[PDB]
Amino acid sequence: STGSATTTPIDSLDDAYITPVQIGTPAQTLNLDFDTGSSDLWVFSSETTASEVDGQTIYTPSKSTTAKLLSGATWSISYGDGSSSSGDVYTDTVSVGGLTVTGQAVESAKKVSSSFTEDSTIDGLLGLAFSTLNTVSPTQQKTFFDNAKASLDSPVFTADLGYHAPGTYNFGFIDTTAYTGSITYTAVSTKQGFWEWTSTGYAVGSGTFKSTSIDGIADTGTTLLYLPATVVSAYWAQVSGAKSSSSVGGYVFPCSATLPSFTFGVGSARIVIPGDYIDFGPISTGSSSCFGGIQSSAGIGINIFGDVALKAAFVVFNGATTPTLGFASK
């Protein structure tokens, strides 16, 4: 089997991407944030504290003939941006882009933090990291991908995120029309539960390529590209007037600037992020200070190849017995 679903930016900055997901019988369609950096499928629901719902579409298990309470199971998750959610668990039928999993753990939120409430466009998350990170207790649950895997034509999914435009998540096949040139595959470590890999280096604009190992995660659920302070400083040094601002919370630059591209290595291959992808616009409405899309990972504890990087590529998440990641230009 295969599935194919369109993923759509939630706003004009590509802050995140939503993908329609069918849950239950009859189908309830919720728009979920597919997150290769976490492993819980959780939704706003009829159980979510009323004051913490503001415009989201909710899952109502009582209206699904295939929903069953997973008795005694609870979940609680905290994300790198400090947001969080928690609740209980149902199993139900879940379909993405025509691919159906029966018995999927659907984690129903009783509580969500402010950032989720305030984002009316995101109805929940669908995690696509390794199931070892799933937070359900006392019985850990599998991701949608893990559950689908044995039925898939090939044990893969692909992320093809758009720049200010829709893209695609495919399950079970590689669309050879969706990229240019060849796909370069690179080793993954699952030791931390992430799609963790090692980039071979970077370049800033038209500058020479610096060969250097950068361990990080491929994370569709993080907006920006978070890299070591050395690398980030080298990038922003090429933008007149750019500076790191403690008050704003990262690198800012004059909105009048033209940003250089940033290249990262995948083995001997090179993925080029155009400068425009690195512009996240005024720090506040009407400001002439703009927020940068490449930021330091110092104090995160991990480097993160978030959407800024991933959207410059066609990315294969290969979930074979020995997992790997593939990157192609597009």
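- Structure determination for this entry, per the PDB record, employed X-ray crystallography and reached 1.2690 Å resolution.

- The chain appears in the PDB entry as endothiapepsin from Cryphonectria parasitica.
- Here the PDB entry title reads "Automated refinement of diffraction data obtained from an endothiapepsin crystal treated with fragment 239".
- Under the UniProt heading Sequence similarities, the note attached to the chain is "Belongs to the peptidase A1 family."

### So, the sheet that holds strand 16 (residues 250-254)
Right, on to step 1. Read across the sheet, four strands follow the order 15-16-20-19 without closing on themselves; strand pairing throughout is antiparallel. The sheet is open, and its two borders are formed by strand 15 (243-245) and strand 19 (279-282), each paired with just one other strand. Going from strand to strand, the sheet's axes swing by 40° on average, the running direction of each strand aside.
Right, on to step 2. Strand direction decides the pairing type here: strand 15 and strand 16, joined by three bridges, are antiparallel. Across the sheet, residue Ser 245 finds its bridge partner in strand 16, namely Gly 250.

### What to know about unusual backbone geometry
Right, on to step 1. With an omega dihedral of -10°, the bond running from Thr 25 to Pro 26 counts as a cis peptide bond.
Right, on to step 2. Counting through the fold element by element, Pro 26 comes out in the loop between strand 2 (17-23) and strand 3 (28-35).
Right, on to step 3. Residues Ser 137 and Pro 138 are joined by a peptide bond in cis, for which omega reads 5°.
Right, on to step 4. Of note, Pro 138 is situated in the loop between strand 8 (124-127) and helix 2 (144-148).
Right, on to step 5. Although it is not a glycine, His 164 sits at a positive phi angle of roughly 50°.
Right, on to step 6. Position of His 164 relative to the elements: it lies in the loop between strand 9 (156-160) and strand 10 (167-171).
Right, on to step 7. Residue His 164 is classed as partly exposed on the basis of its relative accessible area, which comes to 45%.

### Things to note about the pattern of salt bridges
Right, on to step 1. As enumerated under the stated definition, the model contains two salt bridges in all.
Right, on to step 2. Residues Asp 14 and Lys 311 are paired through a salt bridge, measuring 2.8 Å at the closest nitrogen-oxygen approach. Taken together, the residues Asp 14 in the loop between strand 1 (3-9) and strand 2 and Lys 311 in the loop between helix 4 (307-310) and strand 23 (314-318) connect sequence positions 297 residues apart. Of the two residues examined, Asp 14 and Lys 311, each falls in the buried class.

### Structural notes on the environment of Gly 201
Right, on to step 1. Secondary-structure assignment places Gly 201 in strand 12 (residues 196-204).
Right, on to step 2. Separated by 125 residues in the primary sequence, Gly 201 and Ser 76 place their C-alpha atoms 36 Å from one another.
Right, on to step 3. Apart from the residues lying within four places of it in its own chain, the contact partners of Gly 201 are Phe 209, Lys 210, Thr 212, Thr 263, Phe 264 and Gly 265.

### Here's the deal with the nonpolar core
Right, on to step 1. Formed by 68 residues in total, the largest nonpolar core has its most connected members in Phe 171, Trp 236, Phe 262, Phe 264, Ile 273 and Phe 327.
Right, on to step 2. With four residues, helix 3 (residues 229-236) is the single largest residue contributor to this core.
Right, on to step 3. Summarising the domain contributions, this core has at least three residues from each of domain 1 (5-174) and domain 2 (175-330).
Right, on to step 4. Setting aside its immediate chain neighbours within four residues, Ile 273 contacts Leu 225, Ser 261, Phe 262, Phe 264, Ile 278, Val 308, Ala 309 and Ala 312.
Right, on to step 5. Judged by nonpolar contacts, the second largest core, of 17 residues, contains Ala 73, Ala 105, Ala 109 and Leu 125.

What counts and how
- Residues numbered from 1 in each chain as written, not as in the entry; some residues may be left out.
- Heavy atoms only, no water.
- Residues with missing side-chain atoms left out of burial classes, pairs and counts.
- UniProt positions renumbered as here; feature names shortened; annotations may be inferred.
- Pairing = 2+ DSSP bridges.
- Helix = DSSP H or I, 4+ residues; strand = E, 2+ residues; numbered from the N terminus.
- Axes fitted to C-alpha atoms, helices over the stretch in contact; angles between N-to-C directions.
- Buried < 20%, exposed > 50% of the residue type's maximum accessible area, 1.4 Å probe, protein only.
- Salt bridge = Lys/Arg side-chain N within 4 Å of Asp/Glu carboxyl O.
- Contact = heavy atoms within 4.5 Å.
- Core = buried A, V, L, I, M, F, W, Y, C linked by side-chain atoms within 4.5 Å.
- Domains from an automatic or database assignment.

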